[PDB]
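J.: Structure file upload.cif (mmCIF, C-alpha atoms and all ligand atoms) is given on the next line.
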data_final
loop_
_atom_site.label_atom_id
_atom_site.label_comp_id
_atom_site.auth_asym_id
_atom_site.auth_seq_id
_atom_site.Cartn_x
_atom_site.Cartn_y
_atom_site.Cartn_z
CA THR A 2 -76.91 -53.59 -109.11
CA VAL A 3 -75.67 -50.12 -108.13
CA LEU A 4 -73.60 -48.68 -105.24
CA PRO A 5 -73.74 -45.22 -103.66
CA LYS A 6 -70.90 -43.94 -105.90
CA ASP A 7 -73.20 -44.61 -108.89
CA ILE A 8 -76.15 -42.58 -107.56
CA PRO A 9 -75.51 -38.99 -106.53
CA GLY A 10 -78.23 -37.06 -104.69
CA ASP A 11 -76.98 -33.47 -104.75
CA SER A 12 -75.14 -32.52 -107.95
CA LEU A 13 -74.47 -29.48 -110.08
CA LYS A 14 -76.27 -30.03 -113.40
CA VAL A 15 -74.41 -28.88 -116.53
CA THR A 16 -76.40 -29.49 -119.70
CA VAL A 17 -75.67 -28.91 -123.37
CA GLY A 18 -78.94 -28.07 -125.14
CA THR A 19 -80.25 -28.90 -128.59
CA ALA A 20 -81.03 -27.07 -131.82
CA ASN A 21 -82.28 -27.77 -135.32
CA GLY A 22 -82.34 -26.09 -138.70
CA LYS A 23 -81.44 -26.47 -142.36
CA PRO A 24 -78.03 -25.96 -144.01
CA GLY A 25 -77.07 -22.26 -143.86
CA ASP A 26 -79.05 -21.49 -140.69
CA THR A 27 -77.34 -20.15 -137.60
CA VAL A 28 -78.66 -21.75 -134.40
CA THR A 29 -77.90 -21.25 -130.71
CA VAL A 30 -76.95 -24.12 -128.40
CA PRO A 31 -77.03 -23.15 -124.69
CA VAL A 32 -74.95 -24.64 -121.88
CA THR A 33 -77.19 -24.46 -118.78
CA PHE A 34 -76.41 -24.78 -115.04
CA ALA A 35 -78.94 -26.03 -112.49
CA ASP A 36 -78.85 -26.55 -108.71
CA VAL A 37 -76.28 -23.76 -108.34
CA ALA A 38 -77.40 -22.51 -104.91
CA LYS A 39 -77.81 -26.09 -103.60
CA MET A 40 -74.16 -26.78 -104.50
CA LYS A 41 -73.01 -23.59 -102.70
CA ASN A 42 -72.57 -21.45 -105.87
CA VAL A 43 -69.95 -21.67 -108.64
CA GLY A 44 -66.70 -19.76 -108.20
CA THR A 45 -64.62 -21.35 -110.96
CA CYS A 46 -64.83 -23.95 -113.72
CA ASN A 47 -63.15 -25.20 -116.86
CA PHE A 48 -64.38 -27.80 -119.33
CA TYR A 49 -64.35 -28.78 -123.02
CA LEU A 50 -67.04 -29.70 -125.60
CA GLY A 51 -66.47 -31.69 -128.78
CA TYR A 52 -68.35 -31.10 -132.03
CA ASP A 53 -68.19 -32.25 -135.66
CA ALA A 54 -66.53 -29.42 -137.62
CA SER A 55 -67.49 -31.04 -140.95
CA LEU A 56 -71.14 -30.36 -140.04
CA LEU A 57 -71.04 -27.25 -137.81
CA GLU A 58 -69.12 -23.95 -137.92
CA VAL A 59 -68.61 -22.14 -134.60
CA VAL A 60 -69.66 -18.52 -135.23
CA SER A 61 -69.41 -17.26 -131.64
CA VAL A 62 -69.32 -18.38 -128.03
CA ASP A 63 -70.63 -15.89 -125.47
CA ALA A 64 -71.20 -15.96 -121.73
CA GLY A 65 -74.81 -16.33 -120.59
CA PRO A 66 -76.66 -14.04 -118.21
CA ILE A 67 -75.74 -15.91 -115.00
CA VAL A 68 -72.10 -14.86 -115.46
CA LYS A 69 -71.25 -11.54 -113.81
CA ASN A 70 -68.49 -9.36 -115.26
CA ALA A 71 -67.90 -11.84 -118.10
CA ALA A 72 -65.43 -9.57 -119.91
CA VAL A 73 -63.02 -10.26 -117.03
CA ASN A 74 -64.27 -13.57 -115.56
CA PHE A 75 -65.19 -15.65 -118.64
CA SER A 76 -63.09 -16.93 -121.54
CA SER A 77 -63.83 -19.25 -124.45
CA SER A 78 -62.07 -20.47 -127.60
CA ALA A 79 -62.61 -23.07 -130.31
CA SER A 80 -59.98 -25.09 -132.17
CA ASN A 81 -60.05 -28.33 -134.18
CA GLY A 82 -63.53 -29.41 -133.06
CA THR A 83 -63.09 -28.57 -129.37
CA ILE A 84 -64.68 -25.60 -127.58
CA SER A 85 -62.92 -24.58 -124.33
CA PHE A 86 -64.69 -22.79 -121.45
CA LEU A 87 -63.13 -21.06 -118.45
CA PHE A 88 -64.79 -19.12 -115.65
CA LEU A 89 -63.20 -17.58 -112.54
CA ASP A 90 -64.58 -14.86 -110.31
CA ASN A 91 -61.45 -12.71 -110.41
CA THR A 92 -62.64 -10.97 -107.20
CA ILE A 93 -62.93 -14.46 -105.61
CA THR A 94 -65.90 -13.49 -103.42
CA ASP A 95 -68.00 -10.77 -105.10
CA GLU A 96 -68.96 -11.98 -108.60
CA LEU A 97 -69.90 -15.62 -108.06
CA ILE A 98 -72.39 -17.58 -110.14
CA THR A 99 -75.40 -17.71 -107.80
CA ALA A 100 -78.40 -18.41 -110.09
CA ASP A 101 -79.56 -21.28 -112.33
CA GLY A 102 -79.71 -20.51 -116.04
CA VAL A 103 -77.58 -20.21 -119.15
CA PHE A 104 -73.80 -20.24 -118.56
CA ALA A 105 -72.89 -19.89 -122.24
CA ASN A 106 -74.50 -19.62 -125.69
CA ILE A 107 -72.80 -21.27 -128.69
CA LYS A 108 -73.78 -20.07 -132.15
CA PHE A 109 -73.29 -22.74 -134.84
CA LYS A 110 -73.78 -22.22 -138.58
CA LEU A 111 -75.18 -25.37 -140.18
CA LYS A 112 -73.31 -26.94 -143.09
CA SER A 113 -74.68 -29.00 -145.99
CA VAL A 114 -75.89 -32.61 -145.58
CA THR A 115 -77.48 -35.08 -148.03
CA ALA A 116 -79.93 -36.47 -145.47
CA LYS A 117 -81.37 -35.37 -142.11
CA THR A 118 -78.51 -35.74 -139.63
CA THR A 119 -78.19 -35.45 -135.85
CA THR A 120 -74.71 -34.60 -134.61
CA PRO A 121 -73.69 -34.68 -130.91
CA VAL A 122 -72.05 -31.91 -128.87
CA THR A 123 -70.26 -33.75 -126.09
CA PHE A 124 -68.20 -33.30 -122.92
CA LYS A 125 -64.55 -34.30 -123.33
CA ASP A 126 -61.11 -33.97 -121.81
CA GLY A 127 -61.80 -33.36 -118.16
CA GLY A 128 -61.83 -30.09 -116.21
CA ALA A 129 -62.82 -28.68 -112.83
CA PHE A 130 -65.87 -27.30 -111.03
CA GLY A 131 -65.37 -25.20 -107.88
CA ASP A 132 -68.01 -23.83 -105.52
CA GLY A 133 -68.23 -20.34 -103.93
CA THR A 134 -65.17 -21.16 -101.78
CA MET A 135 -63.29 -22.45 -104.88
CA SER A 136 -63.52 -25.98 -103.45
CA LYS A 137 -64.23 -29.04 -105.62
CA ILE A 138 -67.95 -29.63 -106.17
CA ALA A 139 -68.44 -33.25 -105.06
CA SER A 140 -70.72 -34.27 -107.91
CA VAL A 141 -71.37 -32.76 -111.34
CA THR A 142 -73.92 -34.27 -113.72
CA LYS A 143 -72.79 -33.60 -117.32
CA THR A 144 -75.42 -34.08 -120.07
CA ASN A 145 -74.51 -33.99 -123.79
CA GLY A 146 -76.55 -32.17 -126.48
CA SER A 147 -76.95 -32.12 -130.25
CA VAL A 148 -77.84 -30.28 -133.44
CA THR A 149 -80.17 -31.72 -136.08
CA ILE A 150 -79.58 -30.56 -139.66
CA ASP A 151 -82.53 -31.18 -142.00
CA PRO A 152 -81.92 -30.45 -145.73
CA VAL B 2 -35.82 -25.69 -106.55
CA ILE B 3 -39.47 -25.40 -107.66
CA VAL B 4 -41.12 -21.97 -107.88
CA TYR B 5 -44.83 -22.74 -107.54
CA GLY B 6 -47.06 -20.57 -109.72
CA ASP B 7 -44.17 -19.56 -112.00
CA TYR B 8 -45.89 -20.16 -115.35
CA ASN B 9 -43.30 -18.42 -117.56
CA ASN B 10 -40.28 -19.73 -115.62
CA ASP B 11 -38.85 -16.25 -114.98
CA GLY B 12 -38.40 -16.85 -111.23
CA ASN B 13 -41.14 -14.39 -110.30
CA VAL B 14 -44.80 -15.05 -109.51
CA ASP B 15 -46.99 -12.18 -110.73
CA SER B 16 -49.95 -11.12 -112.96
CA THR B 17 -48.07 -12.33 -116.08
CA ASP B 18 -48.26 -15.89 -114.72
CA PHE B 19 -52.01 -15.55 -114.10
CA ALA B 20 -52.67 -14.39 -117.70
CA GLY B 21 -50.56 -17.25 -119.05
CA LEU B 22 -52.15 -19.99 -116.94
CA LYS B 23 -55.64 -18.86 -118.07
CA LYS B 24 -54.73 -19.37 -121.74
CA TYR B 25 -52.86 -22.58 -120.97
CA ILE B 26 -55.83 -24.22 -119.27
CA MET B 27 -57.97 -23.43 -122.33
CA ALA B 28 -55.61 -25.41 -124.55
CA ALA B 29 -57.29 -28.82 -124.43
CA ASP B 30 -53.89 -30.47 -124.98
CA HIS B 31 -52.06 -28.62 -122.19
CA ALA B 32 -49.48 -30.83 -120.45
CA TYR B 33 -49.05 -31.56 -116.76
CA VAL B 34 -46.50 -29.17 -115.19
CA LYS B 35 -45.34 -29.69 -111.61
CA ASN B 36 -44.93 -25.97 -110.73
CA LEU B 37 -48.51 -25.23 -111.86
CA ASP B 38 -50.12 -28.04 -109.85
CA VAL B 39 -50.24 -25.97 -106.65
CA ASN B 40 -52.83 -28.19 -104.89
CA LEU B 41 -50.93 -31.45 -105.67
CA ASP B 42 -53.86 -33.25 -107.31
CA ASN B 43 -51.93 -34.31 -110.44
CA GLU B 44 -53.91 -31.96 -112.68
CA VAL B 45 -53.46 -28.41 -113.94
CA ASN B 46 -56.90 -26.80 -114.07
CA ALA B 47 -59.20 -24.07 -112.73
CA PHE B 48 -58.49 -24.97 -109.06
CA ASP B 49 -54.82 -24.08 -109.58
CA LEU B 50 -55.81 -20.83 -111.31
CA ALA B 51 -58.08 -19.85 -108.41
CA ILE B 52 -55.36 -20.48 -105.79
CA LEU B 53 -52.86 -18.42 -107.83
CA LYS B 54 -55.36 -15.50 -108.05
CA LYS B 55 -56.04 -15.69 -104.29
CA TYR B 56 -52.28 -15.51 -103.71
CA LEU B 57 -51.81 -12.54 -106.04
CA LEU B 58 -54.72 -10.76 -104.26
CA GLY B 59 -53.15 -11.36 -100.83
CA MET B 60 -56.02 -13.62 -99.70
CA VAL B 61 -53.68 -16.54 -99.02
CA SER B 62 -50.06 -16.39 -97.87
CA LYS B 63 -49.05 -19.70 -99.49
CA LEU B 64 -49.63 -21.45 -102.82
CA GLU B 65 -51.00 -24.75 -101.51
CA CA A 201 -43.29 -15.84 -113.63
CA CA A 202 -53.88 -29.04 -109.53
#
Please re-express this file's structure in C-alpha cells.
T.:
Amino acid sequence: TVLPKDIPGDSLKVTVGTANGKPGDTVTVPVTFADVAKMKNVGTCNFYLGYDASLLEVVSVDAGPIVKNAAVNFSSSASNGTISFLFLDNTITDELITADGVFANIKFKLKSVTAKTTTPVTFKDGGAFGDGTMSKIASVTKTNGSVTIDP
Amino acid sequence: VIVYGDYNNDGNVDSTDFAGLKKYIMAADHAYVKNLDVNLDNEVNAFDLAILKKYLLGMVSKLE
C-alpha cells in the first residue's frame, strides 16, 4: 500500500556513482544530475555525502562539466568522513545548471583491506535544491553509491 | 532587534556576510540561527544564501 506522497512522477535525480580498484588505486566517483530541464534547471543546492575514512582517502573534489563558472559558483570540502557540496549561480540568472550530466567528481585513494570490501557513499544531513528561480524543487530522488576495494 | 542576513553580527549586511554564510552552510554541523533563516523555514541552507545574494545584487528589496 502506497499513497501519492510515496510515488513522485517528476523529480530531479541526484546519483552517487560507483568505482572499484585495489588498495593504492585512485578512483573517481561521480555525482550525476538527471531531469534538470524537466525540473526547470538548478540554480542552487547544498548537500552532504558520508564515506568511511578508514577505507577511503579523499584526494580531490572537483565540479563537473555541467557547472558553469565553478571557480565562483561551486564549493566543496571534506572533514571527518563528510563531503560538503555547495552550488549557487552568483549571477542568479545567467550561469544556471541547464544540462544533465556530472555535477561533481570525487577522487578517492583506496586503502588496504584483508578481504574484498564494498563501502557505501551515502547522502546525509539534509540540504536544499533550488530551481532556476531559486525555488524549492518539489521532489529530489537521492541515490547512494559505493566503492569496492579488492585486494 | 533582528538584522536579517547579518552573518557576522556587525550590524551591516554586505559581501562579508555572503562569504561567511557560504562557508557556514558547508559545515555539516552548522547550527540554526534566526537572523540567517531569511525565508522562515526553520533551516539555514542554500535558499537563504540565494536570497541574500539577490538582495546584495539589488534584485530584491527585502530579505524574505
Ligand atoms: Ca554583517
Ligand atoms: Ca531558511
J.: Select from chain A every residue with an atom at most 12 Å from any atom of ligand CA 202 (chain A), then for each give the shortest pair of atoms and their distance in Å to one decimal, using all atoms listed in the file, rows by chain and rising number, as JSON lines.
T.:
{"residue": "A:128", "atom": "CA", "partner": "A:CA202", "partner_atom": "CA", "distance": 10.4}
{"residue": "A:129", "atom": "CA", "partner": "A:CA202", "partner_atom": "CA", "distance": 9.5}
{"residue": "A:136", "atom": "CA", "partner": "A:CA202", "partner_atom": "CA", "distance": 11.8}
{"residue": "A:137", "atom": "CA", "partner": "A:CA202", "partner_atom": "CA", "distance": 11.1}
J.: Residues near residue A:65, anyone? I mean within 8 Å using only C-alpha atoms, not counting same-chain ones fewer than 2 positions away, as a list in words.
T.: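 Everything that qualifies: residues 63, 67, 68, 102, 103, 104, 105 and 106 of chain A.
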J.: What residues have any atom no more than 7 Å from ligand CA 201 (chain A) when counting all atoms listed in the file, and can you list them as a PyMOL selection string?
T.: chain B and resi 7-15+17-18
J.: Filtering to C-alpha atoms, could you give me those residues as a PDB file, keeping the file's coordinate frame?
T.:
ATOM      1  CA  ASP B   7     -44.170 -19.560-112.000  1.00  0.00           C
ATOM      2  CA  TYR B   8     -45.890 -20.160-115.350  1.00  0.00           C
ATOM      3  CA  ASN B   9     -43.300 -18.420-117.560  1.00  0.00           C
ATOM      4  CA  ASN B  10     -40.280 -19.730-115.620  1.00  0.00           C
ATOM      5  CA  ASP B  11     -38.850 -16.250-114.980  1.00  0.00           C
ATOM      6  CA  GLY B  12     -38.400 -16.850-111.230  1.00  0.00           C
ATOM      7  CA  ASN B  13     -41.140 -14.390-110.300  1.00  0.00           C
ATOM      8  CA  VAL B  14     -44.800 -15.050-109.510  1.00  0.00           C
ATOM      9  CA  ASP B  15     -46.990 -12.180-110.730  1.00  0.00           C
ATOM     10  CA  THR B  17     -48.070 -12.330-116.080  1.00  0.00           C
ATOM     11  CA  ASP B  18     -48.260 -15.890-114.720  1.00  0.00           C
TER      12      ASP B  18
END
J.: Hey, can you pull every residue with an atom no more than 12 Å from (-64.0, -22.4, -130.0), using all atoms listed in the file, and send it as a ChimeraX atom specification?
T.: /A:48-52,54,57-63,76-87,106-109 /B:27-29
J.: Identify which of the residues A:140, A:111, A:91, A:98 lies closest to chain B, counting all atoms listed in the file when measuring atom-to-atom distances.
T.: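 Once distances to chain B are computed over all atoms listed in the file, the minimum belongs to A:91.
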J.: Taking only C-alpha atoms into account, produce a table as JSON lines in which each residue of chain B with an atom at most 8 Å from an atom of chain A appears once, together with its shortest atom pair and the distance in Å to one decimal, ordered by chain and rising number.
T.:
{"residue": "B:23", "atom": "CA", "partner": "A:87", "partner_atom": "CA", "distance": 7.8}
{"residue": "B:26", "atom": "CA", "partner": "A:47", "partner_atom": "CA", "distance": 7.8}
{"residue": "B:27", "atom": "CA", "partner": "A:85", "partner_atom": "CA", "distance": 5.5}
{"residue": "B:28", "atom": "CA", "partner": "A:85", "partner_atom": "CA", "distance": 7.4}
{"residue": "B:29", "atom": "CA", "partner": "A:126", "partner_atom": "CA", "distance": 6.9}
{"residue": "B:46", "atom": "CA", "partner": "A:128", "partner_atom": "CA", "distance": 6.3}
{"residue": "B:47", "atom": "CA", "partner": "A:46", "partner_atom": "CA", "distance": 5.7}
{"residue": "B:48", "atom": "CA", "partner": "A:129", "partner_atom": "CA", "distance": 6.8}
{"residue": "B:51", "atom": "CA", "partner": "A:135", "partner_atom": "CA", "distance": 6.8}
{"residue": "B:54", "atom": "CA", "partner": "A:91", "partner_atom": "CA", "distance": 7.1}
{"residue": "B:55", "atom": "CA", "partner": "A:93", "partner_atom": "CA", "distance": 7.1}
J.: Export, as a compact mmCIF listing (two decimals), in the coordinates of the input, the selected residues with C-alpha atoms.
T.:
# COMPACT_ATOMS: atom_id res chain seq x y z
CA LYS B 23 -55.64 -18.86 -118.07
CA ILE B 26 -55.83 -24.22 -119.27
CA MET B 27 -57.97 -23.43 -122.33
CA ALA B 28 -55.61 -25.41 -124.55
CA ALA B 29 -57.29 -28.82 -124.43
CA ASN B 46 -56.90 -26.80 -114.07
CA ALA B 47 -59.20 -24.07 -112.73
CA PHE B 48 -58.49 -24.97 -109.06
CA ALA B 51 -58.08 -19.85 -108.41
CA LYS B 54 -55.36 -15.50 -108.05
CA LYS B 55 -56.04 -15.69 -104.29
J.: Atom CA of residue A:33 and atom CA of residue A:16 are how many Å apart?
T.: 5.2 Å
J.: Using all atoms listed in the file, find the one residue out of B:65, B:5, B:59, B:52 that sits nearest to residue B:40.
T.: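 Distance minimum relative to residue B:40 lands on B:65.
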J.: What is the distance, in Å and to one decimal place, between atom CA of residue A:139 and atom CA of residue B:42?
T.: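 Separation between atom CA of residue A:139 and atom CA of residue B:42: 14.8 Å.
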J.: One number please: atom CA of residue A:116 to atom CA of residue A:145, in Å, one decimal.
T.: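 It comes out at 22.5 Å.
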J.: Of the residues B:35, B:16, B:22, B:43, which is the one nearest to residue B:57, using only C-alpha atoms?
T.: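 Among B:35, B:16, B:22, B:43, it is B:16 that comes nearest to residue B:57.
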J.: Which residue is closest to residue B:20? Choose from B:63, B:44, B:36, B:6 and count only C-alpha atoms.
T.: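 Once distances to residue B:20 are computed over only C-alpha atoms, the minimum belongs to B:6.
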